[PDB]
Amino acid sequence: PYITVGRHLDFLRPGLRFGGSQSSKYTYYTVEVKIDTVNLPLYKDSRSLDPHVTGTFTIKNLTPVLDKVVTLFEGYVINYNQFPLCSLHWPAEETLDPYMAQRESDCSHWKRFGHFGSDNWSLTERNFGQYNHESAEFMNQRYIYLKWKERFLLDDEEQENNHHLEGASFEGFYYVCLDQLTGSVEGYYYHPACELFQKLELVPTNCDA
C-alpha cells in the first residue's frame, strides 16, 4: 500500500471540508472549503517547490443573482526554513509570484493573528525574529501558517484569472492561520489595491470521517 505517514495533518488532509464565513464591512457571507491535496514541505526538494495545498473555495449568496462563486486554489505552508514568514526570502521562482507582498504587509498580517510573542520583532529578518531553532518544528507547532491563491474560476469550464465579477474580484491572496488543537482557521484577504484586512473564519465540518 501507499504510505501516507507524514504527508498530512489532522486538520489538513484530503477530503476535509471547512465551513464558515467571510466578513467584509459588517456583512458575513457563507464560505465552504474542500481540501483536495496536501503535500507538506518536510524537506527542500523538487516537490517542495510545487504547491503544498490544493483545494476548492466557495462563496454563497454574494448577490441576489450570483448565489455561488467557486474557485480552485493553491497554497503554500510556512515552514520557517525554506518558506519563511517574509515572502522576500522565498525561493526565487516565477511560480511564487502570486504569493509576494512587501515585508511590512507580511509582518503586520502574520502579527495580527496574535499567536506570536510581543518581543523580538525585527522587520528585516526573514522570519521577523519569531523563529529560533530551539523552538519546535513547524509541523509540531500549534499554529500553522499558509498562503492561499485562487488560480482558476469555473462554471462548467476552467478559466484563468484581469478578470471581473459583480461584487467579487480575484486579484489578491489569503493569509491563513490554522489552529491544530481546535481545527479553526482564520484568514485575511490582501491586495494593495483593495481595502485591507477582510476577515475569514472557518471550522471543520466533516471531521467525523
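Each residue number is its position in the shown sequence, starting from 1.
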Q) From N161 on to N162, does the model leave out none, 1 to 3, 4 to 9, or 10 or more residues of the deposited sequence? A) 4 to 9
Q. Comparing 174-182 with 27-35, which has the greater mean CA B-factor as deposited?
A. 27-35
Q) Of 56-64 and 145-153, which one has the bigger average CA B-factor? A) 56-64
(Q) Can you tell me whether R103 has a C-alpha B-factor in the lowest, middle or highest third compared with the other modelled residues of the same chain? (A) lowest
Q: Taking the chain's C-alpha temperature factors as the reference, tell me which third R112 falls into: lowest, middle or highest.
A: middle
Q | Modelled-residue ranking by C-alpha temperature factor, third containing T124 | A | middle
Q.
Can you tell me whether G15 has a C-alpha B-factor in the lowest, middle or highest third compared with the other modelled residues of the same chain?
A. lowest
Q: Quick one: classify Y190 as lowest, middle or highest third of the chain based on its Cα B-factor.
A: middle
